[PDB]
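Chains as they are written, first to last, in the entry's author numbering: chain A, 896 to 995; chain B, 896 to 995.
2 protein chains.
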Amino acid sequence: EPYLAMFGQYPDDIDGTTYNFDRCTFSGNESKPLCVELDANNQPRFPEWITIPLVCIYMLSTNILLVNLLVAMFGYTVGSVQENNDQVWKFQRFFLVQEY
Amino acid sequence: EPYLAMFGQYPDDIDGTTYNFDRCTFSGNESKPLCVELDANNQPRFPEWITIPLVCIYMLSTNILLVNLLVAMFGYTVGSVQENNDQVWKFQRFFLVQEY
Ligand SMILES: CC(C)CCC[C@@H](C)[C@H]1CC[C@H]2[C@@H]3CC=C4C[C@@H](OC(=O)CCC(=O)O)CC[C@]4(C)[C@H]3CC[C@]12C
Ligand SMILES: CC(C)CCC[C@@H](C)[C@H]1CC[C@H]2[C@@H]3CC=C4C[C@@H](OC(=O)CCC(=O)O)CC[C@]4(C)[C@H]3CC[C@]12C
Numbered sequence: 896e897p898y899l900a901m902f903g904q905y906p907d908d909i910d911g912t913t914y915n916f917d918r919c920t921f922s923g924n925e926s927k928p929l930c931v932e933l934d935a936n937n938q939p940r941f942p943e944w945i946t947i948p949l950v951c952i953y954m955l956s957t958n959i960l961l962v963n964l965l966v967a968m969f970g971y972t973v974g975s976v977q978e979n980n981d982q983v984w985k986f987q988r989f990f991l992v993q994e995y
Numbered sequence: 896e897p898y899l900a901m902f903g904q905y906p907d908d909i910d911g912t913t914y915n916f917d918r919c920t921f922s923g924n925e926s927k928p929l930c931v932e933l934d935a936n937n938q939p940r941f942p943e944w945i946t947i948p949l950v951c952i953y954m955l956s957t958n959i960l961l962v963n964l965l966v967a968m969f970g971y972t973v974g975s976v977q978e979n980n981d982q983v984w985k986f987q988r989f990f991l992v993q994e995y
């Protein structure tokens with residue numbers, strides 16, 4: 896579930912104002928992921944001033960502060976090994992002509 | 896709600912042709928966000944020639960004119976501090992060997 900958040904999922908209906916109407920079990924059957932811990936009031940116990948900025952920090956980091964970082968580290972690589980990749984490709988160009 | 900618009904939410908059902916069928920209260924209970932201001936005709940009062948290009952300007956800026964800007968400012972940093980980061984990493988490489 897945090898893996899799908901990198902392509903955009905953002906805790907779709909577990910992070911507040913989404914009650915126990917569906918998606919959850921309380922038991923362990925069926926294969927739905929089990930419910931939020933509850934109380935005598937049958938209220939969701941998670942504080943929601945913590946889980947909501949936790950997701951928003953994670954959705955900031957891995958979707959923006961991380962992927963967009965990967966472009967810069969990709970962008971330096973094409974800046975640096977480009978004049979070397981021509982010699983490397985011309986080197987392996989021999990083996991592909993050698994094959995016949 | 897504008898924070899989720901950076902990862903793609905785009906005012907899902909408040910920006911027109913989505914009436915008071917659900918999601919809203921008129922009162923202050925329950926925890927649903929309260930309704931659009933209405934009229935004697937019970938029509939949504941917001942002009943919708945203003946709120947729709949306001950979101951589309953915001954969705955243009957923070958999702959494209961802003962994040963893609965961050966890649967360029969990331970891309971200049973890996974272009975500039977790369978030859979300095981080698982000396983910095985080789986410098987802190989001493990303390991990690993010093994630890995034993
Ligand atoms: C710096 C920027 C770029 C990051 C944006 C951070 C927000 C996405 C986070 C930080 C604090 C969060 C709020 C902190 C706690 C509240 C109360 C919370 O409801 C309660 O806990 C009820 C408590 C009570 O009022 O008695 C619901 C979420 C909410 C509005 C959060 C909404 C989203 C917020 C604004
Ligand atoms: C320059 C490009 C890249 C930005 C694209 C801008 C559009 C996303 C915006 C600018 C003007 C907008 C329109 C301006 C006002 C109308 C009428 C509005 O309906 C009414 O207000 C009824 C008024 C009436 O006809 O009596 C509904 C949205 C709509 C179609 C908007 C649809 C989206 C639009 C085209």
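Every residue, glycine too, gets a C-beta built ideally from N, C-alpha and C.
- The beta carbon of B/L960 sits no closer than 8 Å to any heavy atom of ligand 2.
- By the Cβ-count criterion, A/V973 is exposed, with fewer than 16 other Cβ atoms from all chains shown falling within 10 Å of its own Cβ.
- At a beta-carbon threshold of 9 Å, the residues of chain A lying near B/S926 are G911 and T912, ordered along the chain.
- For the stretch 951 to 964 of chain A, the set of residues with a beta-carbon nearer than 8 Å to any beta-carbon of chain B comprises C951, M954, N958, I959, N963 and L964, in chain order.
- In this structure, A/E943 lies near A/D910, with their beta-carbon atoms less than 9 Å apart.
- Chain B has no Cβ within less than 9 Å of the Cβ of A/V976.
- Counting every other CB atom within 10 Å of its CB across the protein chains shown gives A/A967 a total of 16 or more, marking it as buried.
- In the pairwise beta carbon analysis, the stretch 975 to 990 of chain A is classified as not touching the stretch 938 to 956 of chain A: fewer than three pairs are separated by under 8 Å.
- Collapsing the DSSP output to three states places A/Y953 in a helix.
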